[PDB]
$ cat query.txt   # compact mmCIF, C-alpha atoms
# COMPACT_ATOMS: atom_id res chain seq x y z
CA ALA O 3 75.68 110.42 85.12
CA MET O 4 79.09 109.11 83.99
CA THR O 5 78.54 105.61 85.39
CA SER O 6 78.80 103.13 82.49
CA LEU O 7 81.31 102.79 79.64
CA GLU O 8 78.55 103.61 77.15
CA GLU O 9 77.67 106.82 79.00
CA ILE O 10 81.35 107.82 79.09
CA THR O 11 81.76 107.05 75.38
CA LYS O 12 78.74 109.24 74.54
CA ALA O 13 80.16 112.09 76.62
CA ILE O 14 83.56 111.88 74.91
CA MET O 15 81.88 111.86 71.48
CA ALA O 16 79.73 114.89 72.40
CA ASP O 17 82.70 116.99 73.63
CA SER O 18 83.39 119.78 71.18
CA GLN O 19 87.11 118.79 71.51
CA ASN O 20 86.26 115.74 69.39
CA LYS O 21 83.77 117.17 66.93
CA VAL O 22 86.04 116.56 63.91
CA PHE O 23 86.27 112.88 64.83
CA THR O 24 82.60 112.47 65.67
CA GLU O 25 81.52 113.97 62.32
CA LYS O 26 83.74 111.38 60.54
CA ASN O 27 82.27 108.41 62.47
CA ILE O 28 85.48 107.98 64.53
CA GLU O 29 84.70 106.85 68.10
CA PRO O 30 87.19 107.15 71.02
CA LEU O 31 89.29 103.98 71.26
CA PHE O 32 89.96 102.44 74.71
CA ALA O 33 89.88 98.85 76.07
CA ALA O 34 88.27 98.61 79.54
CA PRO O 35 86.98 95.07 80.23
CA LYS O 36 85.64 95.03 83.85
CA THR O 37 87.81 91.97 84.53
CA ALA O 38 91.06 93.95 83.77
CA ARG O 39 93.94 93.48 86.26
CA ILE O 40 96.69 95.30 84.29
CA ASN O 41 96.17 98.72 82.67
CA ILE O 42 98.61 99.63 79.86
CA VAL O 43 98.93 103.38 79.37
CA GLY O 44 100.69 104.45 76.15
CA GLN O 45 100.52 107.50 73.90
CA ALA O 46 97.61 107.40 71.37
CA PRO O 47 96.38 105.22 68.45
CA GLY O 48 97.84 105.79 64.99
CA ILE O 49 95.73 105.66 61.80
CA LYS O 50 95.91 101.82 61.63
CA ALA O 51 94.71 101.29 65.22
CA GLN O 52 92.11 104.05 64.60
CA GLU O 53 90.73 101.74 61.90
CA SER O 54 91.25 98.31 63.47
CA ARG O 55 89.91 99.35 66.89
CA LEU O 56 92.79 97.37 68.48
CA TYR O 57 95.96 98.57 70.24
CA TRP O 58 99.38 96.90 69.96
CA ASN O 59 98.36 94.69 67.00
CA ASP O 60 101.74 95.23 65.38
CA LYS O 61 105.46 94.51 65.80
CA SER O 62 105.77 96.98 68.69
CA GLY O 63 102.98 95.07 70.44
CA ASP O 64 104.63 91.75 69.64
CA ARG O 65 107.76 93.00 71.46
CA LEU O 66 105.72 94.34 74.39
CA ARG O 67 103.98 90.95 74.81
CA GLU O 68 107.40 89.26 74.77
CA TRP O 69 108.55 91.70 77.48
CA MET O 70 105.39 91.01 79.52
CA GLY O 71 105.66 87.28 79.10
CA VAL O 72 102.17 86.82 77.67
CA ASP O 73 101.14 85.38 74.35
CA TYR O 74 98.87 86.99 71.73
CA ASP O 75 95.76 85.05 72.78
CA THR O 76 96.20 85.90 76.49
CA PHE O 77 96.76 89.56 75.69
CA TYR O 78 93.62 90.03 73.57
CA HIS O 79 91.30 87.37 75.00
CA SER O 80 92.15 86.66 78.67
CA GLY O 81 90.13 89.74 79.73
CA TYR O 82 92.98 90.76 82.11
CA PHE O 83 94.39 93.66 80.09
CA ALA O 84 93.05 97.20 79.81
CA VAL O 85 94.52 99.71 77.35
CA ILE O 86 93.77 103.34 78.24
CA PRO O 87 96.23 105.65 76.44
CA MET O 88 96.84 109.37 76.91
CA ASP O 89 94.61 110.16 73.91
CA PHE O 90 91.84 107.87 72.61
CA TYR O 91 92.10 109.42 69.13
CA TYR O 92 94.79 109.60 66.42
CA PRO O 93 96.24 113.07 66.80
CA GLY O 94 97.40 113.44 63.19
CA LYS O 95 100.58 113.12 61.12
CA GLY O 96 103.65 115.02 62.29
CA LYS O 97 107.11 115.36 60.72
CA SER O 98 108.51 112.10 62.17
CA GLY O 99 105.41 110.12 63.17
CA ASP O 100 102.15 111.00 64.92
CA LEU O 101 101.54 114.40 66.63
CA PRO O 102 101.37 114.23 70.48
CA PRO O 103 98.32 113.21 72.62
CA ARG O 104 96.16 116.30 73.16
CA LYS O 105 96.78 118.24 76.33
CA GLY O 106 93.94 117.94 78.82
CA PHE O 107 92.35 114.79 77.36
CA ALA O 108 93.31 112.29 80.10
CA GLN O 109 92.28 114.80 82.74
CA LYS O 110 88.76 114.61 81.34
CA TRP O 111 88.12 110.91 80.86
CA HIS O 112 90.61 108.52 82.47
CA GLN O 113 89.36 108.59 86.08
CA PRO O 114 85.67 107.87 85.31
CA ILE O 115 86.82 104.86 83.21
CA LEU O 116 89.25 103.65 85.92
CA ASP O 117 86.40 103.90 88.46
CA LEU O 118 84.73 101.03 86.54
CA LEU O 119 87.83 98.84 86.71
CA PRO O 120 87.93 97.57 90.29
CA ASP O 121 90.44 94.72 89.77
CA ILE O 122 93.43 96.76 88.48
CA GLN O 123 96.63 95.70 90.34
CA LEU O 124 99.29 97.25 88.05
CA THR O 125 99.40 100.16 85.66
CA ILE O 126 102.17 100.04 83.06
CA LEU O 127 103.32 103.51 82.01
CA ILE O 128 104.84 103.49 78.51
CA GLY O 129 106.72 106.60 77.45
CA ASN O 130 106.97 110.21 78.56
CA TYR O 131 103.35 111.42 78.31
CA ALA O 132 102.04 108.47 80.38
CA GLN O 133 104.79 108.78 83.07
CA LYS O 134 104.71 112.57 83.50
CA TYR O 135 100.94 112.38 83.97
CA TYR O 136 100.54 109.40 86.29
CA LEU O 137 103.77 109.96 88.23
CA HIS O 138 103.04 113.70 88.51
CA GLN O 139 106.48 114.69 87.07
CA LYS O 140 107.67 117.93 85.55
CA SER O 141 108.55 117.54 81.88
CA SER O 142 112.27 117.92 82.73
CA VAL O 143 112.34 114.61 84.68
CA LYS O 144 114.26 112.08 82.54
CA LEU O 145 112.54 108.96 81.17
CA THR O 146 115.74 106.88 81.52
CA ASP O 147 116.05 107.92 85.20
CA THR O 148 112.41 106.96 85.91
CA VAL O 149 112.75 103.52 84.36
CA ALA O 150 116.13 102.88 86.07
CA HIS O 151 114.45 103.30 89.49
CA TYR O 152 111.13 101.62 88.54
CA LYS O 153 110.81 100.06 92.04
CA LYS O 154 110.05 103.55 93.40
CA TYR O 155 106.66 103.49 91.71
CA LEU O 156 105.66 99.88 92.52
CA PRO O 157 103.26 98.31 93.31
CA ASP O 158 100.88 100.68 91.48
CA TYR O 159 102.98 101.73 88.45
CA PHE O 160 105.66 100.26 86.26
CA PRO O 161 107.40 102.71 83.88
CA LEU O 162 108.76 101.44 80.55
CA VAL O 163 110.28 102.82 77.35
CA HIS O 164 108.40 102.15 74.10
CA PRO O 165 109.01 98.79 72.43
CA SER O 166 109.82 100.70 69.19
CA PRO O 167 112.54 99.81 66.61
CA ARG O 168 114.13 103.22 67.12
CA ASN O 169 114.64 102.24 70.77
CA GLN O 170 116.78 99.24 69.79
CA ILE O 171 119.92 101.37 70.04
CA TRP O 172 118.75 102.70 73.46
CA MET O 173 118.38 99.10 74.69
CA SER O 174 121.94 98.29 73.50
CA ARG O 175 123.21 101.25 75.52
CA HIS O 176 121.15 100.21 78.59
CA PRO O 177 121.38 96.39 78.88
CA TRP O 178 120.06 96.53 82.48
CA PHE O 179 116.61 97.11 80.98
CA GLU O 180 116.42 93.73 79.31
CA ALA O 181 118.59 92.08 81.97
CA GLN O 182 116.84 93.24 85.18
CA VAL O 183 113.80 95.40 84.52
CA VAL O 184 111.98 93.25 81.98
CA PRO O 185 112.44 90.03 84.03
CA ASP O 186 110.83 91.71 87.05
CA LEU O 187 107.95 92.95 84.84
CA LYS O 188 107.34 89.31 83.84
CA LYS O 189 107.41 88.12 87.49
CA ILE O 190 104.93 90.76 88.61
CA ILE O 191 102.55 90.12 85.71
CA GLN O 192 102.54 86.34 86.34
CA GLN O 193 101.63 86.85 90.03
CA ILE O 194 98.76 89.15 88.97
CA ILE O 195 97.41 86.84 86.22
CA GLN O 196 97.55 83.86 88.66
CA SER O 197 96.04 85.92 91.54
CA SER O 198 92.63 85.66 93.34

$ encode --input "query.txt" --output "C-alpha cells"
Amino acid sequence: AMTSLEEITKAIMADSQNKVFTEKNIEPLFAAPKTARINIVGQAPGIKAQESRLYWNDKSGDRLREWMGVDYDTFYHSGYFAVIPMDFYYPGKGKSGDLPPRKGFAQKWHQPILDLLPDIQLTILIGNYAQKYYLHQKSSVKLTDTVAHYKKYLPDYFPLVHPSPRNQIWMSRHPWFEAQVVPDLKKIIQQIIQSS
C-alpha cells in the first residue's frame, strides 16, 4: 500500500488537496534518505525551494548549519539529515511572507514517511507549526517558553526558533539561546553523527 517513498509520493500527488500543484508539474518536496538520523521539521518550502528541490539552501540554512555544528557538505551529502516540513508545498504569497502550512497535511503523510526512517534519533522542531503538532500543544502555548525548557522534550525532540534575520532581535533579548541551548544542540548532534 503506502510502503515505499515512491508510493507515498504518488498518493500525495493524487490527493485532490494538491490538484493545483500536480497540474503544474509541482511534486511534494521532502528529504527522507533511509540513512537519516536527524529529522528537521520546519514550516514549508517557499517559491525558491519549490524550484530548487532543496531545503535550507539559503542564509537561514547557513545559520542553522552553524547552530547545528555541521558544514554544508555534511548537511546535504552525509545522508544523516531528513527534512520533513509541515507542508511539502509552497502555500502561496501572504502579506509579510508565505501563507501558513495547510491544516491537516502532516496528519496525512508524515507518519508513513517516518515509518521508512528507522535510524532517526532526534527530531528538530523549528517554529510554532512544527512544535504545536509534534509536542501536541494548544496554539496558546508560547514558543519562547517551549525553547527555554527544551530538555523537557529530549531525547526525541529539540525545539528551536527559526534562524531568520527577523529573529536577530529576539536572540539579542534572549542570549541564553545562543549561550546554552545552541551549544547543547551541537553536542547532541555530534553524538548522533558519531553513533553506531

$ closest_residue --input "query.txt" --among "O:186, O:192, O:164, O:96" --to "residue 63 (chain O)" --atoms "all atoms listed in the file"
O:164

$ residues_near_point --input "query.txt" --point "(87.4, 99.2, 67.0)" --cutoff "9 Å" --atoms "only C-alpha atoms" --output "PDB file with C-alpha atoms, keeping the file's coordinate frame"
ATOM      1  CA  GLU O  29      84.700 106.850  68.100  1.00  0.00           C
ATOM      2  CA  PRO O  30      87.190 107.150  71.020  1.00  0.00           C
ATOM      3  CA  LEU O  31      89.290 103.980  71.260  1.00  0.00           C
ATOM      4  CA  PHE O  32      89.960 102.440  74.710  1.00  0.00           C
ATOM      5  CA  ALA O  51      94.710 101.290  65.220  1.00  0.00           C
ATOM      6  CA  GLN O  52      92.110 104.050  64.600  1.00  0.00           C
ATOM      7  CA  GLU O  53      90.730 101.740  61.900  1.00  0.00           C
ATOM      8  CA  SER O  54      91.250  98.310  63.470  1.00  0.00           C
ATOM      9  CA  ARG O  55      89.910  99.350  66.890  1.00  0.00           C
ATOM     10  CA  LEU O  56      92.790  97.370  68.480  1.00  0.00           C
TER      11      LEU O  56
END

$ residues_around --input "query.txt" --residues "residue 80 (chain O)" --least-positions-apart "6" --cutoff "12 Å" --atoms "only C-alpha atoms" --output "number ranges by chain"
O: 35-40, 72-74, 195-196

$ write_last_selection --input "query.txt" --atoms "C-alpha atoms" --output "short mmCIF file (atom, residue, chain, number, x, y, z; two decimals), keeping the file's coordinate frame"
data_model
loop_
_atom_site.label_atom_id
_atom_site.label_comp_id
_atom_site.auth_asym_id
_atom_site.auth_seq_id
_atom_site.Cartn_x
_atom_site.Cartn_y
_atom_site.Cartn_z
CA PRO O 35 86.98 95.07 80.23
CA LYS O 36 85.64 95.03 83.85
CA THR O 37 87.81 91.97 84.53
CA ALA O 38 91.06 93.95 83.77
CA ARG O 39 93.94 93.48 86.26
CA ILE O 40 96.69 95.30 84.29
CA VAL O 72 102.17 86.82 77.67
CA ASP O 73 101.14 85.38 74.35
CA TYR O 74 98.87 86.99 71.73
CA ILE O 195 97.41 86.84 86.22
CA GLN O 196 97.55 83.86 88.66
#

$ closest_residue --input "query.txt" --among "O:3, O:137, O:132, O:183" --to "residue 153 (chain O)" --atoms "only C-alpha atoms"
O:183

$ atom_distance --input "query.txt" --atom1 "CA of residue 7 (chain O)" --atom2 "CA of residue 122 (chain O)"
16.2 Å

$ residues_around --input "query.txt" --residues "residue 5 (chain O)" --least-positions-apart "3" --cutoff "9 Å" --atoms "all atoms listed in the file" --output "PyMOL selection string"
chain O and resi 8-10+114-115+117-118

$ closest_residue --input "query.txt" --among "O:113, O:142, O:125, O:45" --to "residue 194 (chain O)" --atoms "all atoms listed in the file"
O:125

$ atom_distance --input "query.txt" --atom1 "CA of residue 145 (chain O)" --atom2 "CA of residue 189 (chain O)"
22.4 Å

$ atom_distance --input "query.txt" --atom1 "CA of residue 158 (chain O)" --atom2 "CA of residue 126 (chain O)"
8.5 Å

$ closest_residue --input "query.txt" --among "O:58, O:68, O:108, O:198" --to "residue 14 (chain O)" --atoms "all atoms listed in the file"
O:108

$ residues_around --input "query.txt" --residues "residue 65 (chain O)" --least-positions-apart "4" --cutoff "9 Å" --atoms "all atoms listed in the file" --output "NGL selection string"
:O and (60-61 or 69-70 or 165-166)

$ closest_residue --input "query.txt" --among "O:159, O:172, O:135, O:178" --to "residue 190 (chain O)" --atoms "all atoms listed in the file"
O:159

$ residues_around --input "query.txt" --residues "residue 148 (chain O)" --least-positions-apart "3" --cutoff "12 Å" --atoms "all atoms listed in the file" --output "MDAnalysis selection string"
chainID O and resid 127:130 132:134 137:145 151:156 159:163 179 183

$ closest_residue --input "query.txt" --among "O:50, O:79, O:110, O:95" --to "residue 17 (chain O)" --atoms "only C-alpha atoms"
O:110

$ decode --input "query.txt" --residues "region 89-108 of chain O" --atoms "N, CA, C and O atoms" --output "PDB file, in the first residue's frame"
ATOM      1  N   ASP O  89       4.356  21.374   5.616  1.00  0.00           N
ATOM      2  CA  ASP O  89       3.716  21.252   4.298  1.00  0.00           C
ATOM      3  C   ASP O  89       4.827  20.994   3.315  1.00  0.00           C
ATOM      4  O   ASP O  89       5.915  21.570   3.470  1.00  0.00           O
ATOM      5  N   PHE O  90       4.597  20.086   2.360  1.00  0.00           N
ATOM      6  CA  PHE O  90       5.625  19.766   1.343  1.00  0.00           C
ATOM      7  C   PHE O  90       5.499  20.655   0.088  1.00  0.00           C
ATOM      8  O   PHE O  90       6.292  20.519  -0.886  1.00  0.00           O
ATOM      9  N   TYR O  91       4.550  21.578   0.134  1.00  0.00           N
ATOM     10  CA  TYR O  91       4.310  22.510  -0.968  1.00  0.00           C
ATOM     11  C   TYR O  91       4.307  23.972  -0.511  1.00  0.00           C
ATOM     12  O   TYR O  91       3.965  24.281   0.630  1.00  0.00           O
ATOM     13  N   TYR O  92       4.688  24.869  -1.420  1.00  0.00           N
ATOM     14  CA  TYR O  92       4.683  26.312  -1.171  1.00  0.00           C
ATOM     15  C   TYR O  92       3.248  26.819  -1.012  1.00  0.00           C
ATOM     16  O   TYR O  92       2.429  26.687  -1.929  1.00  0.00           O
ATOM     17  N   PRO O  93       2.904  27.347   0.173  1.00  0.00           N
ATOM     18  CA  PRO O  93       1.454  27.629   0.308  1.00  0.00           C
ATOM     19  C   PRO O  93       0.951  28.909  -0.361  1.00  0.00           C
ATOM     20  O   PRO O  93      -0.265  29.160  -0.392  1.00  0.00           O
ATOM     21  N   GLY O  94       1.851  29.694  -0.913  1.00  0.00           N
ATOM     22  CA  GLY O  94       1.452  30.936  -1.568  1.00  0.00           C
ATOM     23  C   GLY O  94       1.912  32.166  -0.800  1.00  0.00           C
ATOM     24  O   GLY O  94       2.297  32.082   0.376  1.00  0.00           O
ATOM     25  N   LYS O  95       1.843  33.311  -1.485  1.00  0.00           N
ATOM     26  CA  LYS O  95       2.361  34.592  -1.005  1.00  0.00           C
ATOM     27  C   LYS O  95       1.335  35.292  -0.142  1.00  0.00           C
ATOM     28  O   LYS O  95       0.240  35.622  -0.608  1.00  0.00           O
ATOM     29  N   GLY O  96       1.698  35.520   1.116  1.00  0.00           N
ATOM     30  CA  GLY O  96       0.895  36.326   2.031  1.00  0.00           C
ATOM     31  C   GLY O  96       1.478  37.724   2.160  1.00  0.00           C
ATOM     32  O   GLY O  96       2.493  38.055   1.528  1.00  0.00           O
ATOM     33  N   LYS O  97       0.838  38.530   3.005  1.00  0.00           N
ATOM     34  CA  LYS O  97       1.172  39.946   3.197  1.00  0.00           C
ATOM     35  C   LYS O  97       2.614  40.222   3.644  1.00  0.00           C
ATOM     36  O   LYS O  97       3.207  41.229   3.242  1.00  0.00           O
ATOM     37  N   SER O  98       3.175  39.329   4.459  1.00  0.00           N
ATOM     38  CA  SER O  98       4.525  39.521   5.001  1.00  0.00           C
ATOM     39  C   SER O  98       5.547  38.557   4.402  1.00  0.00           C
ATOM     40  O   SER O  98       6.698  38.933   4.150  1.00  0.00           O
ATOM     41  N   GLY O  99       5.125  37.313   4.191  1.00  0.00           N
ATOM     42  CA  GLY O  99       5.950  36.298   3.541  1.00  0.00           C
ATOM     43  C   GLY O  99       5.042  35.251   2.927  1.00  0.00           C
ATOM     44  O   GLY O  99       4.063  35.584   2.255  1.00  0.00           O
ATOM     45  N   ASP O 100       5.352  33.983   3.175  1.00  0.00           N
ATOM     46  CA  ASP O 100       4.499  32.884   2.728  1.00  0.00           C
ATOM     47  C   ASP O 100       3.271  32.698   3.629  1.00  0.00           C
ATOM     48  O   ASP O 100       3.357  32.925   4.833  1.00  0.00           O
ATOM     49  N   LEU O 101       2.142  32.276   3.050  1.00  0.00           N
ATOM     50  CA  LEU O 101       0.965  31.799   3.805  1.00  0.00           C
ATOM     51  C   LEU O 101       1.318  30.561   4.675  1.00  0.00           C
ATOM     52  O   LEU O 101       2.331  29.937   4.435  1.00  0.00           O
ATOM     53  N   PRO O 102       0.465  30.177   5.656  1.00  0.00           N
ATOM     54  CA  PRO O 102       0.905  29.070   6.535  1.00  0.00           C
ATOM     55  C   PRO O 102       0.819  27.669   5.897  1.00  0.00           C
ATOM     56  O   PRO O 102       0.147  27.503   4.889  1.00  0.00           O
ATOM     57  N   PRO O 103       1.526  26.667   6.476  1.00  0.00           N
ATOM     58  CA  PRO O 103       1.344  25.271   6.024  1.00  0.00           C
ATOM     59  C   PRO O 103      -0.121  24.900   6.172  1.00  0.00           C
ATOM     60  O   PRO O 103      -0.792  25.287   7.152  1.00  0.00           O
ATOM     61  N   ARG O 104      -0.633  24.149   5.203  1.00  0.00           N
ATOM     62  CA  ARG O 104      -2.071  23.793   5.184  1.00  0.00           C
ATOM     63  C   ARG O 104      -2.450  22.896   6.339  1.00  0.00           C
ATOM     64  O   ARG O 104      -1.783  21.906   6.629  1.00  0.00           O
ATOM     65  N   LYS O 105      -3.560  23.233   6.978  1.00  0.00           N
ATOM     66  CA  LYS O 105      -4.048  22.404   8.070  1.00  0.00           C
ATOM     67  C   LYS O 105      -4.381  21.009   7.553  1.00  0.00           C
ATOM     68  O   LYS O 105      -4.883  20.828   6.433  1.00  0.00           O
ATOM     69  N   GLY O 106      -4.009  20.011   8.343  1.00  0.00           N
ATOM     70  CA  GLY O 106      -4.317  18.632   8.001  1.00  0.00           C
ATOM     71  C   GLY O 106      -3.287  17.914   7.138  1.00  0.00           C
ATOM     72  O   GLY O 106      -3.416  16.704   6.949  1.00  0.00           O
ATOM     73  N   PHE O 107      -2.269  18.617   6.603  1.00  0.00           N
ATOM     74  CA  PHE O 107      -1.375  17.984   5.658  1.00  0.00           C
ATOM     75  C   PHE O 107      -0.434  16.968   6.323  1.00  0.00           C
ATOM     76  O   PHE O 107      -0.330  15.810   5.861  1.00  0.00           O
ATOM     77  N   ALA O 108       0.221  17.389   7.411  1.00  0.00           N
ATOM     78  CA  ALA O 108       1.100  16.481   8.167  1.00  0.00           C
ATOM     79  C   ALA O 108       0.361  15.241   8.671  1.00  0.00           C
ATOM     80  O   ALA O 108       0.907  14.131   8.649  1.00  0.00           O
TER      81      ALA O 108
END
